[PDB]
Amino acid sequence: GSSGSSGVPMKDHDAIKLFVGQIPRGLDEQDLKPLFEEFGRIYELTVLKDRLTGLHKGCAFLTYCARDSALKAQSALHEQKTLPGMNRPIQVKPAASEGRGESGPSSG
């Protein structure tokens, strides 16, 4: 066991669960960890798959043990990287308080 391998993982009290909606078909959490591991250590990675059919819907939930880790990987991947087979870049947002979300553009 390396980098831990003791028991259950520990996250931050103010952590953030990021959500990706640019996951093609044929890959898995094992192919996403590599990239997410470029910013820091992951806490949890689950892929969303249909039920009736069970076919990879095309999205997954990524969680970071630290707050910053998310901020970086988020603003570092969000419309920055382009997975293989995806004409468009990868979309990653802080899966939280979706109901009400305030945001606005800014020059510069």
# chains A, B, ... in the order shown; residues from 1 in each chain; ligands from 1
>>> select_by_dssp(residues="chain A", states="strand (DSSP E or B)", output="PyMOL selection string")
chain A and resi 17-20+42-49+56-64+92-94
>>> write_last_selection(atoms="N, CA, C and O atoms", output="JSON list (two decimals), in the first residue's frame")
[["chain", "number", "residue", "atom", "x", "y", "z"],
["A", 17, "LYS", "N", -17.91, 18.79, -4.80],
["A", 17, "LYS", "CA", -18.10, 17.67, -5.72],
["A", 17, "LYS", "C", -18.29, 18.16, -7.15],
["A", 17, "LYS", "O", -19.36, 18.65, -7.52],
["A", 18, "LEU", "N", -17.24, 18.03, -7.96],
["A", 18, "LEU", "CA", -17.28, 18.46, -9.35],
["A", 18, "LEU", "C", -18.00, 17.43, -10.22],
["A", 18, "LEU", "O", -17.95, 16.23, -9.94],
["A", 19, "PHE", "N", -18.67, 17.90, -11.26],
["A", 19, "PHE", "CA", -19.40, 17.02, -12.17],
["A", 19, "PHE", "C", -18.95, 17.24, -13.61],
["A", 19, "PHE", "O", -18.90, 18.38, -14.09],
["A", 20, "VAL", "N", -18.64, 16.15, -14.30],
["A", 20, "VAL", "CA", -18.20, 16.23, -15.69],
["A", 20, "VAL", "C", -19.28, 15.71, -16.64],
["A", 20, "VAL", "O", -19.88, 14.66, -16.40],
["A", 42, "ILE", "N", -7.41, 12.47, -5.84],
["A", 42, "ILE", "CA", -8.87, 12.37, -5.89],
["A", 42, "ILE", "C", -9.42, 11.71, -4.63],
["A", 42, "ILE", "O", -8.74, 10.92, -3.98],
["A", 43, "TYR", "N", -10.66, 12.04, -4.30],
["A", 43, "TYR", "CA", -11.31, 11.49, -3.12],
["A", 43, "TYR", "C", -12.35, 10.44, -3.50],
["A", 43, "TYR", "O", -12.51, 9.43, -2.83],
["A", 44, "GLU", "N", -13.06, 10.70, -4.60],
["A", 44, "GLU", "CA", -14.08, 9.78, -5.08],
["A", 44, "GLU", "C", -14.42, 10.05, -6.54],
["A", 44, "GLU", "O", -14.53, 11.21, -6.96],
["A", 45, "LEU", "N", -14.58, 8.99, -7.32],
["A", 45, "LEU", "CA", -14.90, 9.11, -8.73],
["A", 45, "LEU", "C", -15.92, 8.06, -9.15],
["A", 45, "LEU", "O", -15.62, 6.87, -9.21],
["A", 46, "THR", "N", -17.14, 8.51, -9.45],
["A", 46, "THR", "CA", -18.21, 7.61, -9.87],
["A", 46, "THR", "C", -18.75, 8.00, -11.24],
["A", 46, "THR", "O", -18.97, 9.18, -11.52],
["A", 47, "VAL", "N", -18.97, 7.00, -12.09],
["A", 47, "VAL", "CA", -19.49, 7.24, -13.43],
["A", 47, "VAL", "C", -21.00, 7.01, -13.48],
["A", 47, "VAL", "O", -21.50, 6.03, -12.95],
["A", 48, "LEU", "N", -21.71, 7.93, -14.12],
["A", 48, "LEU", "CA", -23.16, 7.83, -14.25],
["A", 48, "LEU", "C", -23.54, 6.99, -15.46],
["A", 48, "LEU", "O", -23.15, 7.29, -16.59],
["A", 49, "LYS", "N", -24.32, 5.94, -15.22],
["A", 49, "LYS", "CA", -24.76, 5.05, -16.29],
["A", 49, "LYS", "C", -26.27, 4.82, -16.21],
["A", 49, "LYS", "O", -26.84, 4.76, -15.12],
["A", 56, "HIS", "N", -23.41, 3.69, -20.71],
["A", 56, "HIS", "CA", -22.76, 4.91, -20.24],
["A", 56, "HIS", "C", -23.49, 6.15, -20.74],
["A", 56, "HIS", "O", -23.46, 6.45, -21.94],
["A", 57, "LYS", "N", -24.13, 6.86, -19.83],
["A", 57, "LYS", "CA", -24.87, 8.07, -20.18],
["A", 57, "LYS", "C", -23.94, 9.11, -20.80],
["A", 57, "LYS", "O", -24.28, 9.76, -21.79],
["A", 58, "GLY", "N", -22.76, 9.28, -20.21],
["A", 58, "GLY", "CA", -21.81, 10.24, -20.71],
["A", 58, "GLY", "C", -21.46, 11.31, -19.69],
["A", 58, "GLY", "O", -21.27, 12.47, -20.04],
["A", 59, "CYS", "N", -21.39, 10.91, -18.42],
["A", 59, "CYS", "CA", -21.08, 11.84, -17.35],
["A", 59, "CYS", "C", -20.62, 11.10, -16.10],
["A", 59, "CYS", "O", -20.86, 9.90, -15.96],
["A", 60, "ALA", "N", -19.96, 11.82, -15.19],
["A", 60, "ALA", "CA", -19.47, 11.22, -13.96],
["A", 60, "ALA", "C", -19.24, 12.29, -12.89],
["A", 60, "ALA", "O", -19.05, 13.46, -13.20],
["A", 61, "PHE", "N", -19.27, 11.87, -11.63],
["A", 61, "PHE", "CA", -19.06, 12.79, -10.51],
["A", 61, "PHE", "C", -17.66, 12.64, -9.93],
["A", 61, "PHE", "O", -17.26, 11.55, -9.52],
["A", 62, "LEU", "N", -16.92, 13.74, -9.91],
["A", 62, "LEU", "CA", -15.56, 13.73, -9.38],
["A", 62, "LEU", "C", -15.46, 14.56, -8.10],
["A", 62, "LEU", "O", -15.93, 15.70, -8.05],
["A", 63, "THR", "N", -14.85, 13.99, -7.07],
["A", 63, "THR", "CA", -14.69, 14.67, -5.80],
["A", 63, "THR", "C", -13.22, 14.80, -5.42],
["A", 63, "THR", "O", -12.43, 13.88, -5.62],
["A", 64, "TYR", "N", -12.86, 15.96, -4.87],
["A", 64, "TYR", "CA", -11.48, 16.21, -4.47],
["A", 64, "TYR", "C", -11.36, 16.26, -2.95],
["A", 64, "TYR", "O", -12.23, 16.79, -2.26],
["A", 92, "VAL", "N", -16.65, 20.85, -16.67],
["A", 92, "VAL", "CA", -16.61, 20.47, -15.27],
["A", 92, "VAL", "C", -17.07, 21.62, -14.37],
["A", 92, "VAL", "O", -16.49, 22.70, -14.38],
["A", 93, "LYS", "N", -18.13, 21.37, -13.60],
["A", 93, "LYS", "CA", -18.67, 22.38, -12.70],
["A", 93, "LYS", "C", -18.87, 21.81, -11.30],
["A", 93, "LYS", "O", -19.03, 20.61, -11.11],
["A", 94, "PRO", "N", -18.87, 22.70, -10.30],
["A", 94, "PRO", "CA", -19.04, 22.31, -8.90],
["A", 94, "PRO", "C", -20.47, 21.84, -8.60],
["A", 94, "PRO", "O", -21.30, 22.61, -8.14]]
>>> select_by_dssp(residues="chain A", states="alpha helix (DSSP H)", output="CSV table (one decimal) with N, CA and C atoms, in the first residue's frame")
chain,number,residue,atom,x,y,z
A,29,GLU,N,-13.4,5.4,-15.0
A,29,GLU,CA,-12.8,6.2,-14.0
A,29,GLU,C,-11.3,6.0,-14.0
A,30,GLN,N,-10.9,4.9,-14.6
A,30,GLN,CA,-9.4,4.6,-14.6
A,30,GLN,C,-8.7,5.4,-15.7
A,31,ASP,N,-9.5,5.9,-16.6
A,31,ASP,CA,-9.0,6.8,-17.7
A,31,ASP,C,-9.2,8.2,-17.4
A,32,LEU,N,-10.0,8.5,-16.4
A,32,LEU,CA,-10.2,9.9,-16.0
A,32,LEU,C,-9.3,10.3,-14.8
A,33,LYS,N,-9.0,9.3,-14.0
A,33,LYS,CA,-8.1,9.5,-12.8
A,33,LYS,C,-6.8,10.2,-13.2
A,34,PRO,N,-6.2,9.6,-14.3
A,34,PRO,CA,-4.9,10.2,-14.8
A,34,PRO,C,-4.9,11.7,-14.9
A,35,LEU,N,-6.0,12.2,-15.6
A,35,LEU,CA,-6.1,13.6,-15.8
A,35,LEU,C,-6.4,14.4,-14.4
A,36,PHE,N,-7.4,13.9,-13.7
A,36,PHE,CA,-7.7,14.5,-12.4
A,36,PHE,C,-6.6,14.4,-11.4
A,67,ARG,N,-10.2,21.5,-1.2
A,67,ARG,CA,-11.0,22.5,-1.9
A,67,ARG,C,-10.3,23.0,-3.1
A,68,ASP,N,-9.1,23.6,-2.9
A,68,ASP,CA,-8.4,24.1,-4.1
A,68,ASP,C,-8.3,23.1,-5.2
A,69,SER,N,-7.9,21.9,-4.9
A,69,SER,CA,-7.8,20.8,-5.9
A,69,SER,C,-9.0,21.0,-6.9
A,70,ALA,N,-10.2,21.2,-6.4
A,70,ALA,CA,-11.3,21.3,-7.3
A,70,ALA,C,-11.3,22.6,-8.1
A,71,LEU,N,-11.0,23.7,-7.4
A,71,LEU,CA,-10.9,25.0,-8.1
A,71,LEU,C,-10.0,24.9,-9.3
A,72,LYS,N,-8.8,24.4,-9.1
A,72,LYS,CA,-7.8,24.3,-10.2
A,72,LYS,C,-8.3,23.4,-11.3
A,73,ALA,N,-8.5,22.1,-10.9
A,73,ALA,CA,-8.9,21.1,-11.9
A,73,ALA,C,-10.2,21.6,-12.6
A,74,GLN,N,-11.0,22.4,-11.9
A,74,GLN,CA,-12.2,22.9,-12.4
A,74,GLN,C,-12.0,23.9,-13.5
A,75,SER,N,-11.3,25.0,-13.1
A,75,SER,CA,-11.0,26.1,-14.0
A,75,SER,C,-9.8,25.8,-14.8
A,76,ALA,N,-9.2,24.6,-14.6
A,76,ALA,CA,-8.1,24.1,-15.4
A,76,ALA,C,-8.5,23.2,-16.5
A,77,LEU,N,-9.7,22.5,-16.3
A,77,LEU,CA,-10.2,21.6,-17.3
A,77,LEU,C,-11.4,22.1,-17.9
>>> residues_around(residues="residue 91 (chain A)", least_positions_apart="6", cutoff="6 Å", atoms="only C-alpha atoms", output="PyMOL selection string")
chain A and resi 20-22+78-79
>>> closest_residue(among="A:40, A:52, A:66, A:28", to="residue 12 (chain A)", atoms="only C-alpha atoms")
A:66
>>> closest_residue(among="A:9, A:98, A:1, A:24", to="residue 82 (chain A)", atoms="only C-alpha atoms")
A:24
>>> atom_distance(atom1="CA of residue 39 (chain A)", atom2="CA of residue 16 (chain A)")
14.4 Å
>>> closest_residue(among="A:65, A:90, A:55, A:83", to="residue 14 (chain A)", atoms="only C-alpha atoms")
A:65
>>> closest_residue(among="A:107, A:4, A:26, A:13", to="residue 41 (chain A)", atoms="only C-alpha atoms")
A:4
